[PDB]
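Just so it is clear, the values below take in all heavy atoms, side chains as well, and ignore hydrogens, waters and symmetry mates. Residue numbers run from 1 in the order of the sequence given.
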Amino acid sequence: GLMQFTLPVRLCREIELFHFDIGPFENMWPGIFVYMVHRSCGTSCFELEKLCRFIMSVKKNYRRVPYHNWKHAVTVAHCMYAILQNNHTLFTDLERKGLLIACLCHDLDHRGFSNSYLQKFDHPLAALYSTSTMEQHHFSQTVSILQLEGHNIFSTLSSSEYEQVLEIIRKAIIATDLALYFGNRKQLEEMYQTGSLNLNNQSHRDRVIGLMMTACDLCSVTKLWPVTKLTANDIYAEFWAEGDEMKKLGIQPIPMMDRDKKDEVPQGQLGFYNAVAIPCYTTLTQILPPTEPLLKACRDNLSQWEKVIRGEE
Ligand SMILES: O=c1ccn(-c2cccc(OC(F)(F)F)c2)nc1-c1nc(Cl)[nH]c1-c1ccccc1
Ligand SMILES: [Mg+2]
Ligand SMILES: [Zn+2]
């Protein structure tokens with residue numbers, strides 16, 4: 001109860017900032033997450049014994065893949081923590097509880113492959129879930145873990161609060177399916193421009209929470225250049241492995257995933273910053289002004305990629 005977590009001074013300060021890197025020391029990541037929960041939600045919202053046991057089972061169910069791993073999970077939860085802490089009064093208690101856990105769990109048991117590769121492989125998960133394949137699996141994995149004995153961190157919520165939070169989590173996780181992001185942002189842009197946007201309309205919150213999830217999920221593009229540059233290696237390591245697996249199936253992969261076309265990465269990064277990242281953080285800044293540092297950091301990194309193409313690095 002009276003056991004707060006404390007971080008070293010640099011971390012205590014730097015953790016509040018959007019561009020914080022969680023560092024290479026795996027064994028501090030759990031404490032960093034509990035620190036975030038306690039500050040964001042209260043020392044009360046979860047029973048510590050049950051939380052710490054939830055965290056470790058979650059960790060155990062992330063795989064040793066280059067990018068969609070445990071570190072990603074915690075990094076994504078941290079970005080949401082920065083958003084929640086910079087928009088204090090906009091969010092309900094259950095929402096703050098749900099979203100941090102949602103982020104930690106959002107890529108559970110990811111194997112390193114896109115929904116497309118599963119479908120083309122004819123993986124069983126593709127039969128069980130025709131759209132948002134991995135994402136429906138991530139949420140399923142989340143509920144399974146919540147149902148382990150001693151793992152229900154929501155135990156002291158009322159029945160309705162319980163269905164409310166599991167619904168927040170389900171929508172949040174599904175929303176990290178980037179195929180759904182484009183339409184979701186288009187609608188939020190339309191609604192913000194025409195002035196219809198209304199945070200008391202539950203379905204409008206849902207969309208806004210979806211955009212936040214896209215923002216946290218992509219937050220590697222909002223780090224300092226050296227963090228962003230090095231994370232890009234891990235991302236492409238999965239992409240090329242998948243490209244290899246496509247070719248194994250007799251399918252020529254898209255250039256993004258072809259390790260022969262490694263030369264074209266810098267250009268592919270621009271496409272991505274322009275088509276996805278920049279619009280995402282733009283619309284998020286309009287809806288939630290204090291998240292601007294994410295837009296600024298992303299723009300700075302777009303420009304660092306432009307310097308790469310131009311042979312200046
Ligand atoms: O660096 C990247 C270059 C390309 N793509 C990408 C991923 C799907 C599709 C697509 O094409 C289309 F533009 F059509 F969407 C591009 N994504 C990233 C990326 N960066 C961060 Cl941080 N997270 C991702 C990411 C990881 C897994 C999955 C998705 C994104
Ligand atoms: Mg995912
Ligand atoms: Zn993710």
Side-chain angles (χ1 to χ4, degrees), residues 18 33 36-37 40-41 58 62 67-87 90-92 94-110 114-115 129 131-143 164-189 191-192 197 199 202-223 235 272 275-288 290-291 293-295 297-298:
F18 282 101
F33 185 75
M36 287 189 299
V37 170
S40 203
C41 191
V58 174
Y62 277 93
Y67 178 64
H68 293 99
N69 57 38
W70 175 231
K71 197 180 191 177
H72 168 72
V74 180
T75 302
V76 166
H78 162 274
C79 187
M80 175 72 63
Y81 166 85
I83 299 188
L84 291 167
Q85 291 293 263
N86 281 259
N87 299 266
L90 274 88
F91 293 102
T92 68
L94 273 182
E95 276 169 351
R96 296 209 250 80
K97 277 183 213 216
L99 291 171
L100 280 174
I101 294 298
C103 290
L104 194 70
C105 291
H106 85 282
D107 269 331
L108 266 170
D109 190 48
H110 201 283
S114 66
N115 292 336
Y129 318 110
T131 65
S132 306
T133 306
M134 287 301 307
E135 291 82 20
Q136 293 202 71
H137 182 57
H138 299 317
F139 176 64
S140 173
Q141 287 280 284
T142 307
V143 173
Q164 273 177 45
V165 81
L166 258 283
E167 191 67 20
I168 287 156
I169 291 164
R170 187 195 57 83
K171 286 174 203 153
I173 286 178
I174 295 306
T176 58
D177 176 1
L178 204 64
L180 301 172
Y181 146 77
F182 300 102
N184 186 48
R185 187 209 65 88
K186 289 166 207 157
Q187 288 282 154
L188 273 167
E189 191 75 356
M191 289 172 188
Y192 166 82
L197 188 67
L199 297 173
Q202 179 61 58
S203 84
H204 283 181
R205 288 181 95 67
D206 283 357
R207 295 196 167 287
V208 170
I209 296 163
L211 191 66
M212 291 162 62
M213 291 298 299
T214 307
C216 298
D217 203 14
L218 301 189
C219 77
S220 279
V221 305
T222 78
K223 304 296 178 190
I235 288 160
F272 183 80
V276 181
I278 287 298
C280 167
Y281 295 117
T282 301
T283 312
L284 181 71
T285 302
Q286 291 165 180
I287 296 175
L288 289 178
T291 65
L294 296 161
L295 176 54
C298 183

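Looking at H106, its side chain does come within 3.5 Å of a backbone N or O of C103 through a donor-acceptor pair. With hydrogens and angles ignored, the 3.5 Å screen pairs a side-chain donor or acceptor of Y281 with a backbone N or O of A215. Judged by distance alone, with hydrogens and angles left aside, the side-chain atoms of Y192 form no donor-acceptor pair with the main-chain N or O of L197 at under 3.5 Å.
Contact check for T291 versus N86: no side-chain heavy atoms found under the 4.5 Å cut-off. Residues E189 and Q286 have side chains in contact (heavy-atom distance under 4.5 Å, counting atoms from C-beta outward). Side-chain contact between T75 and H72 is absent, with no heavy-atom pair separated by less than 4.5 Å. The side-chain heavy atoms of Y62 and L108, taken from C-beta on, include a pair separated by under 4.5 Å. Taking 4.5 Å as the limit, every side-chain heavy atom of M36 sits out of range of all side-chain heavy atoms of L104. Contact of the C79 side chain with the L294 side chain is registered, since non-hydrogen atoms from C-beta on lie closer than 4.5 Å. Using a 4.5 Å heavy-atom cutoff, the side chains of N184 and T214 are not in contact. Residues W70 and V58 have side chains in contact (heavy-atom distance under 4.5 Å, counting atoms from C-beta outward).
With rounding to the nearest 0.5 Å, the separation of CZ in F18 from NE2 in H78 is 8.5 Å. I287 contributes atom CD1, which lies 10.0 Å from atom CZ of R185 (distance to the nearest 0.5 angstrom). Expressed to the nearest 0.5 Å, how far CG of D109 lies from CE of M134 amounts to 6.0 Å. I209 CD1 to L211 CG: the interatomic distance, rounded to the nearest 0.5 Å, is 11.0 Å. The distance from atom CG of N87 to atom CG of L288, rounded to the nearest 0.5 Å, is 4.5 Å. Separating the CG atom in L199 from the CZ atom in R207 is a distance of 13.5 Å, to the nearest 0.5 Å.
Across all their heavy atoms, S140 and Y129 have their closest contact at CB-OH, 3.6 Å. When every heavy atom of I174 is checked against every heavy atom of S132, the shortest pair comes out as CG2-OG, 4.3 Å. The minimum heavy-atom distance between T131 and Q136, with the atom names listed, is O-NE2, 2.9 Å.
Partner of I168 under the side chain to side chain contact (heavy atoms under 4.5 Å, CB included) criterion, chosen from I173, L99, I101: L99.
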Practice prompt. Decide side-chain contact (heavy atoms from CB on, under 4.5 Å) for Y67 and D107; before the verdict, give the C-alpha distance in whole Å, the side-chain angles of both, and the deciding distance to 0.1 Å.
Written response: CA-CA 10 Å; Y67 178 64; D107 269 331; 6.0 Å; no
Discussion item. Could you walk me through whether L178 and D217 satisfy the side-chain contact (heavy atoms from CB on, under 4.5 Å) test, starting with their C-alpha distance in whole Å, then the side-chain angles of each, then the deciding distance to 0.1 Å, before giving a yes or no?
Written reply: CA-CA 10 Å; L178 204 64; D217 203 14; over 6 Å; no
Discussion item. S40 vs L100, test: side-chain contact (heavy atoms from CB on, under 4.5 Å). Steps then yes/no.
Written reply: CA-CA 9 Å; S40 203; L100 280 174; 3.9 Å; yes
Worksheet item: What do the steps show when you test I83 against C216 for side-chain contact (heavy atoms from CB on, under 4.5 Å), and what is the final call?
Response: CA-CA 9 Å; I83 299 188; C216 298; 3.9 Å; yes
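Applying the ring-ring contact (aromatic ring centres under 6.0 Å, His included) criterion to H110, with sequence neighbours excluded, gives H68, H138. Among residues two or more places apart in sequence or in another chain, the ring-ring contact (aromatic ring centres under 6.0 Å, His included) test is passed with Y181 by none. Partners of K171 by salt bridge (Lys or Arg N to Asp or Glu O under 4.0 Å), not counting sequence neighbours, listed by chain and number: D206.
Using a 4.0 Å cut-off between a side-chain N of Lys or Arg and a carboxylate O of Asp or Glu, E167 and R170 qualify as a salt bridge.
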